[PDB]
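Colleague: First the structure, which I've put down as structure tokens, then a few questions once you've had a look.
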Amino acid sequence: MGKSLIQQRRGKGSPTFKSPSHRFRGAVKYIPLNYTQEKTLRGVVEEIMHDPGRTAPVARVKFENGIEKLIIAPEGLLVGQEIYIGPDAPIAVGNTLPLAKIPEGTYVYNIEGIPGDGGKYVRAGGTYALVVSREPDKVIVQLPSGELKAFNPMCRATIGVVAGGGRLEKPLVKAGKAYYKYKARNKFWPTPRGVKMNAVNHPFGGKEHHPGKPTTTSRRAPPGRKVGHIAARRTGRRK
Amino acid sequence: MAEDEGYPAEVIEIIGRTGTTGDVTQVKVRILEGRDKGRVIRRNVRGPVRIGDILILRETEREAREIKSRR
Amino acid sequence: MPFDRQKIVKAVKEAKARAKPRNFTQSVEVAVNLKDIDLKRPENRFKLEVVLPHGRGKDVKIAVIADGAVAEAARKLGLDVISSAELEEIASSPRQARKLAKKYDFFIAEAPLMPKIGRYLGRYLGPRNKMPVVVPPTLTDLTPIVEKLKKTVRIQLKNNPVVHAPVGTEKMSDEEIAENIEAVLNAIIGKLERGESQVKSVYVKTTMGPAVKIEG
Amino acid sequence: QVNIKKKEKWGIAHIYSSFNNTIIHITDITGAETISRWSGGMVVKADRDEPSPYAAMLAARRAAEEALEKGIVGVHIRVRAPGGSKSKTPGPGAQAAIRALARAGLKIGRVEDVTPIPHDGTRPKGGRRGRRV
Amino acid sequence: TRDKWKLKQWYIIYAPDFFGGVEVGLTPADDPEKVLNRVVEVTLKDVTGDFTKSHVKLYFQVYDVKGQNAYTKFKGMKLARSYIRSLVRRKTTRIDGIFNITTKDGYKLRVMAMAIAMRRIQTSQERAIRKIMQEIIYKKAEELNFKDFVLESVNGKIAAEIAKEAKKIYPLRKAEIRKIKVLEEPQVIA
RNA sequence: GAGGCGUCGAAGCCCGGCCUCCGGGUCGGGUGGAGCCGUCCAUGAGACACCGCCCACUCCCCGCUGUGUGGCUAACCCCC
RNA sequence: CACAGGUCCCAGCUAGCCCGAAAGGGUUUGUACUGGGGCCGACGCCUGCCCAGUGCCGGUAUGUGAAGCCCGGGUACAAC
RNA sequence: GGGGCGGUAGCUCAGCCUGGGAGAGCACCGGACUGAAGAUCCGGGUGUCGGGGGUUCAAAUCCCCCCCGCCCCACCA
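Protein chains in written order, with PDB author numbering: chain BB, 1 to 239; chain AX, 1 to 71; chain BA, 1 to 216; chain AM, 5 to 137; chain AA, 9 to 198.
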């Protein structure tokens, strides 16, 4: 039977399906070796750049212990804004403090999930997490999906929103302009359909336009057969 | 038979008629029996009845009513 | 019992002993658990009588009905001989004044008389074995008279999972009663059912004597 | 039991008076223990007979006997009915229950209006001409 | 389910912090420690004047149970439909006043009060009256112990004070305390 | 196995705890203070005479052992 | 054929999906305006009706459902 | 073949463990009820209740042998 599929290639880390890492810009680090408690730490926005692979703008920050690292840029930032990191950071936009120290009902981004791992949550253009409720036990934060995850209160986060909103408000326009974007990122394209792909190429669909077996697939289905609507609970838009 | 208990009540006053048939006439009763005594009820009675007659009430707890009237 | 513990094993002889502070004479009891017995057939229950070698030590009341040469056999032994006619008297009159019910221990008959036993006595006596019954041996004049006078003991199995056959009442020596207990035991083990621990427990116990376990 | 100083018990009876069925439910004072729940349906064999005074009285009587067993002999009565999905006024079972209690021998405490009344507007079913007959 | 009754357990309400332990109220429940935060309606018999008469229904929560004795503090007041529907009138106004109280003790209380206007003339004097009720209540709470403060809020004492100062502004009639809800427990220091 | 029980302290009155088919039995307080039972018979099968072991649901201190839930942190794992 | 546009679906990152004999790895200097998978194929107007069958999904008292362990039986043990 | 479930009055079944001459609603005949019809009440009976045999005085369900359907397995030299 047929060849490995379009997704199975991806997993190899072969180069058509390898992100560039040499035209791409820094990652967020908050650094916990100078700790949150017994803070020492303010910095100055050294410059602001666009990061290609995040599809969002990012800030270089010059810290006052002498380390240079990027922090994902908030809206309404100036070059020469001071950003502080600690709990004794002011409670204002672009300032970074623990969740407990942040009020309830304020918008927040760049939230830690393990204390001191530098931001692994809410680091996309224009989207933001809401602090709905806070208790000394656990602080519950409401995620971009509408969905509530419980985090440790001693996670760090930055007050405000991410910059680079309206991102999908503007369209991509044409196949050319789009081609241009995908080179900037990594996303296998032009991507055709399995339906007129031969029986070898793809599990569903033959020579001509019509599906083989149902599109909807198991949650225990094999690798290389898990294409379509993956483990769909519902489909359509009707009763 | 067993009694149940018969509650004897006599009719104090004949208020007016109920039923679209007309067939109940509604009458006010006073009780004279061992248990309660004195209780005033507005029961629905059928058939020729005069004032001061005796009725055996099967159920003490009742008193449906509807009311009006002469100009 | 203060007298003895009731889990300690003893000999057949040793277990029958005396210690009553009571008016009431020591009635002796054998109680046995059997493993692996069911009502999955009701029939496969142990039922028989066994003639004790030294009897209960209470007098049997035997009425024997017999006719022919078999009458002559009963008569010799010193039985009265009483007619079948008496069956019509038992059954017919439901009275309370001198009725003959709950006043005797067994009946023996020849086989032709058995139908008559069945209808007439069955209503009052039922199967409390005061009539002769086919499944235990108490039909036939010849052998059962001889054995019955010698004071046979009655046995039946309450299916689940126990059988009991108390030997008699104290009027006999402890060794005498020890022979009783052996003979009954050997019949019991003698009914052969599969599976390990077939005789789960055996006890020998009494009105207010030692209530004790014995090795069975 | 842990010593009781008063030697009287009180149970708060919630009575839901609908035009479709009548329910008579009694709970202790705290409310967190339901002793009895008997509804009109259980007396009868038919839906038409399901509400009505007679159904309401027996539904009350069956519950009453269980209140005696516990030792409840005082009752408050809280009359309610469906105020936010239907019109608030009580059905047959208001008038019927107070009589059931009296006859049964239970002592009657407060009789109350705890019926839901909104302080706000909401749309129910019915429009254009409102609900046509 | 299927009880003797012998799985049912009894506990007995002792309800102070407005008064001494009130014997009234009794609690059956099934299994132990299923009442711990449950709520008992009492009318209060402590004062057989106004508490009884005009202050029908007040709600109390058993905070804790020790040894199967229930200790209870003040959860709430609310009034029935009967009171509210009675006193309101036409060609006049019905006035409702909120305040979110802080007492020096570190309890927060919410009072809604209902005052009913005297007849003619609807005017900015009304909002002025709302204003005055909020102002006096803040000051009092600040002076007083919250246990004294709730006793007074339930009692006609509050109703009587609001009335003297408000009648001066624009005469009212039938002033009452519609409901009380305990906004925040904790304490002054957690 | 028709006699056991009764200063080896009984009826029969007055309550207390009790399960329950509220059928009715059981039971601690005490008044008492000297009798109570079946043989008899009905009942398809007889004794709340007594003595044994059971087969009912069922409940519980203790000895062993499973399983479920939560707390803890010393293995192990993800971060610095 | 791609294609811009449209829609369905999956995943809270210690993820989902995918590669690898294994250690480990791609996406990822990525974190839901992400990024992964399908369907349809610019715009304009629209997209009825059916969950019977297939498929997927969530759940499952009850029946049922392996090896293990347990208990019973067997075997002086074991197979059984 | 193994395990389990259901087959009952014309119908659909209820009563396993929770035992008796024993069941319920609906069809169907008769009587109430309304100007009418309908629905809704009140009567009537149709199975010792799947066959055959056993323990029980009396067993649908208990026991020994079963027909048939149904569901899960195991299995076909």
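No residue lacks a Cβ here, since even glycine has one placed at the ideal position from N, Cα and C.
Tell me the DSSP secondary structure of BB/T16 in three-state form.
Modeller: Three-state result, BB/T16: helix.
Colleague: For AM/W14, which residues in the same chain have their Cβ closer than 8 Å to its Cβ, ignoring the five residues on either side in sequence?
Modeller: Cβ within range, chain order: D32, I33, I76, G78, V79, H80 and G113.
Colleague: If you draw a straight line from the C-alpha of BB/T216 to the C-alpha of BB/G194, how long is it?
Modeller: Straight-line Cα distance between these residues: approximately 14 Å.
Colleague: For AA/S62, I'd like the list of residues in its chain whose CB is within less than 7 Å of its CB, leaving aside the five on either flank, ordered along the chain.
Modeller: Result list for AA/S62: empty, nothing under 7 Å.
Colleague: In terms of residues, what are the limits of the beta strand (DSSP E) holding AA/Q69?
Modeller: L66 to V73 is the extent of the beta strand (DSSP E) around AA/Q69.
Colleague: Per DSSP, which residues does AA/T80 bridge with? Please list them.
Modeller: In DSSP, AA/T80 forms a bridge with AA/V70.
Colleague: How would you label AA/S161, buried or exposed, when you count the other beta carbons within 10 angstroms and need 16 or more for buried?
Modeller: Buried is the call here.
Colleague: Indicate whether the contact test is met: 3 or more Cβ pairs, each with one atom in the segment 111–120 of chain BA and one in the segment 76–92 of chain BA, closer than 8 Å.
Modeller: The segment 111–120 of chain BA vs the segment 76–92 of chain BA: in contact.
Colleague: Check whether the segment 147–165 of chain BA touches the segment 53–68 of chain BA, counting contact only when three or more Cβ pairs, one atom from each stretch, lie closer than 8 Å.
Modeller: With a cut-off of 8 Å, the segment 53–68 of chain BA and the segment 147–165 of chain BA count as touching, because enough Cβ pairs lie within range.
Colleague: Assuming AA/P194 contacts AA/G114 (C-beta within less than 8 Å), just tell me the rounded distance between them.
Modeller: Indeed they touch by this definition, with Cβ atoms about 7 Å apart.
Colleague: Please report the residue range of the alpha helix (DSSP H) in which AA/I129 lies.
Modeller: Careful: AA/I129 lies outside any alpha helix (DSSP H) and carries neither H nor E.
Colleague: Spatial neighbours of BB/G80 within its chain, please: CB distance less than 8 Å, with the 5 preceding and 5 following residues excluded, ordered by chain position.
Modeller: Cβ neighbours of BB/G80 beyond the five flanking positions: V44 and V45.
Colleague: What does a CB cutoff of less than 6 Å around AA/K42 pick up in its chain, not counting 5 residues either side in sequence?
Modeller: Around AA/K42: no qualifying Cβ.
Colleague: Just the Cα atoms here: how many angstroms apart are AA/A121 and BB/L130?
Modeller: C-alpha separation (whole angstroms): 35 Å.
Colleague: Cβ closer than 9 Å: which chain AM residues qualify as neighbours of AA/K42?
Modeller: Neighbours of AA/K42 on chain AM, chain order: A36 and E37.
Colleague: Quick check: BB/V161 and BB/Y84, are their CB atoms within less than 7 Å of each other?
Modeller: Result no, Cβ atoms of BB/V161 and BB/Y84 do not sit closer than 7 Å.
Colleague: Short of 7 Å in beta carbon distance, which residues of its chain neighbour BB/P74, apart from the five on each side in sequence? Order them along the chain.
Modeller: Around BB/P74: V93, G94, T158, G160, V161, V162 and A163.
Colleague: What residues of chain AX sit near AM/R103, judged by a beta carbon separation below 7 Å?
Modeller: Chain AX residues near AM/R103: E61.
Colleague: Got a sec: which bits of the segment 92–122 of chain AM sit with their beta carbon under 8 Å from any beta carbon on chain AX, in order along the chain?
Modeller: Per Cβ criterion, the list reads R103, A104, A106 and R107.
Colleague: Of all Cβ atoms in chain AA, is any one closer than 7 Å to the Cβ of AM/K90?
Modeller: No, its Cβ sits nowhere closer than 7 Å to a Cβ of chain AA.
Colleague: By the three-class DSSP mapping on this structure, what secondary structure does BB/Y128 have?
Modeller: Here BB/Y128 sits in coil by DSSP.
Colleague: Give me the chain AA residues within the contact set of AM/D32, using Cβ-Cβ distance strictly less than 7 Å, ordered along the chain.
Modeller: Residues of chain AA passing the Cβ test: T35 and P36.
Colleague: In the DSSP assignment, find the beta strand (DSSP E) that holds BB/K226 and state where it starts and stops.
Modeller: No beta strand (DSSP E) contains BB/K226, which DSSP labels as neither H nor E.
Colleague: I want to see whether chain AM comes within less than 7 Å of AA/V30, judged by CB atoms only; does it?
Modeller: AA/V30 does not count as touching chain AM.
Colleague: Which of the three DSSP states is assigned to AM/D32 in this structure?
Modeller: Three-state DSSP puts AM/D32 in a strand.
Colleague: Could you pull the DSSP bridge partners for AA/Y91 from this structure?
Modeller: Per DSSP, none; premise fails for AA/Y91.
Colleague: Does any CB atom of chain AM fall closer than 7 Å to the CB of AA/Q69?
Modeller: Answer no: the Cβ-Cβ gap between AA/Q69 and chain AM never drops below 7 Å.
Colleague: Between the C-alpha atoms of AA/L52 and AA/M85, what's the straight-line distance to the nearest angstrom?
Modeller: In a straight line, the C-alpha of AA/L52 is about 11 Å away from that of AA/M85.
Colleague: Which term fits AM/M61, buried or exposed, when burial requires 16 or more other beta carbons within 10 angstroms of its beta carbon?
Modeller: Its Cβ being crowded by 16 or more others within 10 Å, AM/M61 is buried.
Colleague: Restricting to Cα atoms, I'd like to know which of AM/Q5, AM/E70, AM/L110 and AM/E116 is closest to AM/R84.
Modeller: Checking every option, the nearest Cα to that of AM/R84 belongs to AM/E116.
Colleague: For AM/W14, return the contacting residues in chain AA, with the cut-off set at a CB-CB distance below 9 Å.
Modeller: The answer, in chain order, is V32, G33 and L34.
Colleague: Return helix, strand or coil for BA/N186, following the three-state DSSP convention.
Modeller: Three-state DSSP puts BA/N186 in a helix.
Colleague: Exposed or buried, which one is BB/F188 when buried takes at least 16 other CB atoms within 10 Å?
Modeller: With fewer than 16 Cβ atoms within 10 Å of its Cβ, BB/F188 is classed as exposed.
Colleague: If AM/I39 and AA/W18 are in contact, beta carbons under 8 Å, what's the gap, nearest whole angstrom?
Modeller: The pair is not a contact, with the Cβ atoms about 13 Å apart (cut-off 8 Å).
Colleague: In this structure, does DSSP put BB/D51 in helix, strand or coil?
Modeller: Note: BB/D51 maps to strand in three-state DSSP.
Colleague: State the Cα-Cα distance for the pair AX/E61 and AX/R30, rounded to the nearest angstrom.
Modeller: Those two C-alpha atoms are separated by around 13 Å.
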